[PDB]
Structures are given as C-alpha cells and as structure tokens.
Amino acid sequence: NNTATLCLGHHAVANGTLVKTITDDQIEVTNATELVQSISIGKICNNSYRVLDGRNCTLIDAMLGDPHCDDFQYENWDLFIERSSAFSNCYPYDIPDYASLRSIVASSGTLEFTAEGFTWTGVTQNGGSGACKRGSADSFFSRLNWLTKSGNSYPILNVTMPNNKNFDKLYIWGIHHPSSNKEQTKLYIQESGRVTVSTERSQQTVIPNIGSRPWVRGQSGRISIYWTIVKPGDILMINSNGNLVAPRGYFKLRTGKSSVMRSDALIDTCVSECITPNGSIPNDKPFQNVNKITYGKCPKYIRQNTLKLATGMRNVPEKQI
C-alpha cells in the first residue's frame, strides 16, 4: 500500500430551514433564528413598571374627581391603563381639545393635588347635583367648586393666586351651561355670565350658552372644562360675574416617563420590560409584529410576521436518489 485518499467536506442536517437572501427568495440553511416577536404573554406584567388599572375610570374622570373614581386620588403610575368599560357618572361635561389634557396628565404620571386658599366672598361654595351622587348625597367633581348666588346676589369675583413654586402649575376650571333662562337667574342672578382666566402672558375668556342639550344622566345643561398652566414667577387671575366652576388647587407638572394606554388585558405578576395593549412581550428580538402601540424597552414594530436570520451554512443533504 502506497496511497491514501483525503476528502474535505462540511456538515448537513436532516431538517434545515428556508431563509431569504439578496438573490434568493427561499434557500435552505442548517439553522436560523427568528427576529420578529409575534406572540404575546397574553397579560400585562407589573413587576418592571408601575402599571395602574383604571378600571371603570378614564384618566380624565379620575383627574376631575367623579365620585366612583375617588380611590385614584393620590395615585401615581408609569403606565395608566384605560378600560373600554370605563364610564362617567357625574354631570354631563365636555372638554375642548380633550386629547391634549389627557396627554398632559398621562405624561405627568401623578394625580397628586394641592388645595389652595381661594377666597370666594359673596358667593356660596360646594354646589352639587343629583346627576353626580357621592355615596348618597347630591355632589360634584371633588377637584371642582360649583359656585352659585349667596342668598341675595352674585357679585363680580376677582381672585388671584401666585405661583411662587419652581414648577409649572396645572389649573382645572370650567363653566356651567344652564338648560334654561330661569335656571341661569336662579343660580347666578345675572342674565348672562362670563369667566376670564388670565396670567401675565395669557388669557382665556368663555361665555356660557344658555339652552337645552340632549338629556344625559338627568341633565339638559353642560359643564365645559378648560385648563390653565401658570409658570413660576407668574400669577393666576380669575374674573367672573357668574357661571364659574371654580378650581380648588393645582396639579404638579412633572416631566417624566409616564403614559396612558387603552387595553382590556389582564394585569398580573410576571417580568417583562415591554407593554402592548395585547399584553406584555419579551424583548429578546429586535423586531415585533404584535402592536404598533407599545410602552417600555421594546422591539420595533414592523409589518412582517416572520424574519429568519441564518445561523448556519447552506444545507446540502446527501443525495436521496
């Protein structure tokens, strides 16, 4: 014997997997890994971020102080969760540019409220309604103050509050739209009311519109909600001759990592740094196909449900004949 044969080669597997390349739509490699997260844990994990269940309250109603949302009073969150079963149970109201108020509050992350000593001399305070039952009593939004005539008259209110703090103050205030002319004169004496809220740099003026609107929770009138942000060094001023829904204090505005999300998912104990409305997802892969709405440390949303990254050579199995 005086020769030998030496052959070079490479491995192959029984079950390879197809991937895409620059030149081929499908070509078989020995192994691949999935880069698209397309399944969700099914629930929202509360161990990495502070997730708050809003239950039957919108963030807005909880801010306003709708009786059935009382327990949300000094609550904070990283993510606030809005249920599609949420409902308002106070006076019928509407908020011009609602979306912005919701966003501002959501971002702030807290509902911590600070009462201030507004003096309303010559008017009675703490007005309530049948539409807004608290326990068993006719009541109102805990953060708002319904002002009406004090026996005899309703004088021109002229109130100021300095912002000597070092953060922006958010003030919530409004106006009552009466359903009839005698309702207007019964509560506020004057035939046509007004609210002006101003600072050194901004002014807002609102005139009520007396009249009937569709019947809601007993009421034909409305309450319009507005907001004002007062900067450090500036001063809030409230000028009115009637129909004022007064503010009781301010919410503290924090620049933060907080948000709100609409979900009906279960909320439980697990670990995950990425929240979608479908529930949490792992973030081991760089891309996801679960939902374009996400919060946290998340793979990027893409339209593809699958993308395979080759982790092996071209698979060329032995001839089967």
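So that there is no doubt, residue numbering starts at 1 and follows the sequence shown.
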> Looking at the deposited entry, does 288-296 or 253-261 carry the larger mean Cα B-factor?
Replying inline: 253-261
> Between 40-48 and 274-282, which has the larger average Cα B-factor in the PDB entry?
Replying inline: 40-48
> Among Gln203, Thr110, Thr228, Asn152, which residue carries the highest C-alpha B-factor recorded in the PDB entry?
Replying inline: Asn152
> Per the entry, which of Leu101, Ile210, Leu79, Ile172 tops the list for Cα B factor?
Replying inline: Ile210
> Relative to the other modelled residues in the chain, which third contains the C-alpha temperature factor of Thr5: lowest, middle or highest?
Replying inline: lowest
> Ranked by Cα temperature factor within the chain, is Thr58 in the lowest third, the middle third or the highest third?
Replying inline: middle
> C-alpha B factor of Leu147, ranked within the chain: lowest, middle or highest third?
Replying inline: highest
>> Lowest, middle or highest third: which one holds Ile189 when the chain's residues are ordered by CA B-factor from the entry?
In response: highest
> Among the chain's modelled residues, which third holds the C-alpha B-factor of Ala86?
Replying inline: middle
